[PDB]
Amino acid sequence: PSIXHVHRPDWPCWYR
């Protein structure tokens with residue numbers, strides 16, 4: 001996904 005600046009590298013910056 002688009003790693004904006006998140007915890008996981010496999011999830012997005014929103015994950016809903």
# chains A, B, ... in the order shown; residues from 1 in each chain; ligands from 1
>>> residues_around(residues="residue A:11", least_positions_apart="3", cutoff="7 Å", atoms="only C-alpha atoms", output="PyMOL selection string")
chain A and resi 1+8+15
>>> residues_around(residues="residue A:4", least_positions_apart="4", cutoff="10 Å", atoms="only C-alpha atoms", output="ChimeraX atom specification")
/A:9,11-14
>>> write_last_selection(atoms="N, CA and C atoms", output="PDB file, in the first residue's frame")
ATOM      1  N   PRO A   9       4.498  -1.755   7.467  1.00  0.00           N
ATOM      2  CA  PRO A   9       4.849  -1.502   6.085  1.00  0.00           C
ATOM      3  C   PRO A   9       3.852  -2.146   5.118  1.00  0.00           C
ATOM      4  N   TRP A  11       0.490  -2.145   5.689  1.00  0.00           N
ATOM      5  CA  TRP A  11      -0.803  -1.493   5.763  1.00  0.00           C
ATOM      6  C   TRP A  11      -0.707  -0.035   5.297  1.00  0.00           C
ATOM      7  N   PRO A  12      -1.847   0.588   4.960  1.00  0.00           N
ATOM      8  CA  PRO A  12      -1.886   1.980   4.496  1.00  0.00           C
ATOM      9  C   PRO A  12      -1.768   2.982   5.639  1.00  0.00           C
ATOM     10  N   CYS A  13      -2.060   4.245   5.353  1.00  0.00           N
ATOM     11  CA  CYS A  13      -2.001   5.290   6.367  1.00  0.00           C
ATOM     12  C   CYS A  13      -3.382   5.540   6.980  1.00  0.00           C
ATOM     13  N   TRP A  14      -4.339   4.676   6.653  1.00  0.00           N
ATOM     14  CA  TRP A  14      -5.724   4.854   7.084  1.00  0.00           C
ATOM     15  C   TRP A  14      -6.310   3.555   7.637  1.00  0.00           C
TER      16      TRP A  14
END
